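Asks: quick one, structure for this:
(one chain, ligands or ions: 2)
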Amino acid sequence: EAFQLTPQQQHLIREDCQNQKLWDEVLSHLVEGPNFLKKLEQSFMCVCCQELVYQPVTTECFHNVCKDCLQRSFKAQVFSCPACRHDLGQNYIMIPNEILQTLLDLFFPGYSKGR
Ligand SMILES: [Zn+2]
Ligand SMILES: [Zn+2]
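Replies: Numbering: from 1, shown residues only. Ligands and ions are numbered 1, 2, ... in the order given. Let me share the structure:
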């Protein structure tokens, strides 16, 4: 009755090492069965737009934020992590975490429409 991860999800979670600590916390909730998807969605909620992160950038301070939302923040001369306020620097290279994107697409098929 525990939520059962597919081989694909197990593979990608392993490969998503920038999020290692977070994934280990998230998988605590596999026991919660169908409700795991809910706690999963809450874990990858974006602090800026308050939706499941889309094209997430995983920051060096371990926070996932939509690339679009971090770009809005920088344009407003804020070079800080919106989740924890760690200074990222004006020159920060924003690289989407495509492993995490693919994971979210697997867990929530179709969620990214229109984003
Ligand atoms: Zn966002
Ligand atoms: Zn942060």
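
Asks: spell out the residue ranges of the helices in the chain.
Replies: Secondary structure of the chain (DSSP state H): helices located at 7-15, 20-26, 36-43, 67-75, 98-107.

Asks: for the shortest one, packing partners?
Replies: In this case it means helix 20-26. Helix 20-26 sits against helix 36-43, with contacts defined as 3 or more Cβ pairs under 8 Å, 6 or more residues apart in numbering; DSSP states H and E. No exception for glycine: its C-beta is placed from N, CA and C like everyone else's.

Asks: one step back: let me know which of the helices of the chain is the nearest to residue 90.
Replies: Proximity to residue 90, assessed across those by Cβ to Cβ, is greatest for helix 67-75 (7.5 Å).

Asks: wait, does that closest one make contact with ligand 2?
Replies: No - using Cβ under 5 Å from the ion, helix 67-75 stays clear of ligand 2, coming no nearer than 10.4 Å.

Asks: what's the angle between that helix and helix 98-107?
Replies: Counting by axes from the mean of the first three to the mean of the last three Cα atoms, to 10 degrees, helix 67-75 points 140 degrees away from the direction of helix 98-107.

Asks: ok so, going back, reformat the helices of the chain into a markdown table and put mean neighbour count next to each item.
Replies: Output for the helices of the chain, formatted as a markdown table (neighbours: other Cβ atoms under 10 Å):
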| stretch | mean neighbour count |
| --- | --- |
| helix 7-15 | 13 |
| helix 20-26 | 14 |
| helix 36-43 | 16 |
| helix 67-75 | 16 |
| helix 98-107 | 18 |
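
Asks: kind regards, and thank you for your time.
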